[PDB]
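**Student:** Below are the structure tokens for one structure; questions will follow.
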Amino acid sequence: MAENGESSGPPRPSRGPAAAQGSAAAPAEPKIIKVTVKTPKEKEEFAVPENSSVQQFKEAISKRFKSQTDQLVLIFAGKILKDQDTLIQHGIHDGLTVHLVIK
């Protein structure tokens, strides 16, 4: 992105225009799994694409819920519903309940 200074010239290769595609019949597995997150206020469920990482969902509650992000984590049966694993990969199979805590 920017880093502190950059004394690197042009690389050997050169990525240019190609068939990146993106607007031509392209689904994304809308298996929106339901995730019930408990916060210090009430119980609110969230919708997320079955193929999403916690890093994205983690920033979702911070902006919408307005509380935290780094320390913000979810306690699923003792485990840590966080970036360490994938919410759709174990934290939520199709509607699970987890406690929210900021450590």
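Identifiers in this document derive from the order of the structure tokens: chains are assigned A, B, ..., residues are numbered from 1 separately in each chain, and ligands are numbered from 1 in order of occurrence.
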Tell me, as an MDAnalysis selection string, which residues lie within 10 Å of stretch 61-66 of chain A, counting only C-alpha atoms; anything in the same chain fewer than 6 positions away does not count.
**Tutor:** chainID A and resid 37 39 44 46 72
**Student:** Suppose you want the space between atom CA of residue A:55 and atom CA of residue A:19; what is it in Å?
**Tutor:**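 One can read the atom CA of residue A:55 to atom CA of residue A:19 distance as 28.5 Å.
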**Student:** Residue A:77: which residues within 10 Å, counting only C-alpha atoms, same-chain residues fewer than 3 positions away excluded, as a list in words?
**Tutor:**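 Here the qualifying residues turn out to be residues 74, 80, 81, 91, 97, 98 and 99 of chain A.
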**Student:** Can I get the selection written as a PDB file, in the first residue's frame, with C-alpha atoms?
**Tutor:**
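And here's out15.pdb as it stands now:
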ATOM      1  CA  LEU A  74     -17.179 -14.576  20.501  1.00  0.00           C
ATOM      2  CA  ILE A  80     -13.118 -18.503  20.345  1.00  0.00           C
ATOM      3  CA  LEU A  81     -15.475 -17.617  17.477  1.00  0.00           C
ATOM      4  CA  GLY A  91     -18.988 -21.248  14.927  1.00  0.00           C
ATOM      5  CA  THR A  97     -25.716 -19.107  20.009  1.00  0.00           C
ATOM      6  CA  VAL A  98     -22.448 -17.637  21.354  1.00  0.00           C
ATOM      7  CA  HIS A  99     -21.529 -15.086  24.061  1.00  0.00           C
TER       8      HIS A  99
END
**Student:** Could you tell me, as a ChimeraX atom specification, which residues of chain A DSSP assigns to helix (DSSP H, G or I) when given the backbone?
**Tutor:** /A:54-65,87-89
**Student:** For residue A:60, which residue out of A:85, A:101, A:78, A:47 is the nearest one, using only C-alpha atoms?
**Tutor:**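 Looking only at the distances to residue A:60, the closest residue turns out to be A:47.
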**Student:** Using backbone DSSP assignments, extract all strand (DSSP E or B) residues from stretch 6-41 of chain A; output them as a PyMOL selection string.
**Tutor:** chain A and resi 33-38
**Student:** For the residues in that selection, give me N, CA, C and O atoms as a CSV table (one decimal), in the first residue's frame.
**Tutor:**
chain,number,residue,atom,x,y,z
A,33,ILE,N,-25.9,-18.3,6.6
A,33,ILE,CA,-26.1,-19.0,7.9
A,33,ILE,C,-26.5,-18.0,8.9
A,33,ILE,O,-26.0,-16.8,8.9
A,34,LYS,N,-27.4,-18.3,9.8
A,34,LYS,CA,-27.8,-17.3,10.9
A,34,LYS,C,-26.9,-17.5,12.1
A,34,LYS,O,-26.6,-18.5,12.6
A,35,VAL,N,-26.4,-16.3,12.6
A,35,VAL,CA,-25.5,-16.4,13.8
A,35,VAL,C,-26.1,-15.5,14.9
A,35,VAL,O,-26.2,-14.3,14.8
A,36,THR,N,-26.5,-16.1,16.0
A,36,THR,CA,-27.0,-15.4,17.2
A,36,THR,C,-25.9,-14.9,18.1
A,36,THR,O,-25.3,-15.6,18.8
A,37,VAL,N,-25.7,-13.6,18.0
A,37,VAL,CA,-24.6,-13.0,18.9
A,37,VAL,C,-25.2,-12.3,20.1
A,37,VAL,O,-26.1,-11.5,20.0
A,38,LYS,N,-24.7,-12.7,21.3
A,38,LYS,CA,-25.3,-12.1,22.5
A,38,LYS,C,-24.3,-10.9,23.0
A,38,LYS,O,-23.2,-11.1,23.2
**Student:** My list of candidates is A:76, A:10, A:3, A:88. Which is closest to residue A:30 when distances are computed with only C-alpha atoms?
**Tutor:**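 Answer, going by the shortest atom-to-atom distance: A:88.
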**Student:** Atom CA of residue A:40 to atom CA of residue A:73: how many Å, to one decimal?
**Tutor:**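 Atom-to-atom, atom CA of residue A:40 and atom CA of residue A:73 are spaced 13.0 Å apart.
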**Student:** Counting only C-alpha atoms, which residue out of A:23, A:71, A:89, A:84 sits closest to residue A:102?
**Tutor:** A:71
**Student:** What's around residue A:54 at 7 Å? Count only C-alpha atoms, leave out sequence neighbours fewer than 5 positions away in its own chain, and write the answer as a VMD selection string.
**Tutor:** chain A and resid 82 to 83 86 to 87
**Student:** List as an MDAnalysis selection string the protein and nucleic acid residues near residue A:28, meaning an atom at most 9 Å away when only C-alpha atoms are counted, but skip any in the same chain fewer than 3 places from it.
**Tutor:** chainID A and resid 31 49 51
**Student:** Create the file for the chosen residues now, containing C-alpha atoms and written as a compact mmCIF listing (two decimals), in the first residue's frame.
**Tutor:**
# COMPACT_ATOMS: atom_id res chain seq x y z
CA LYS A 31 -26.07 -20.12 2.07
CA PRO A 49 -22.54 -15.95 3.62
CA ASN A 51 -18.32 -18.87 2.84
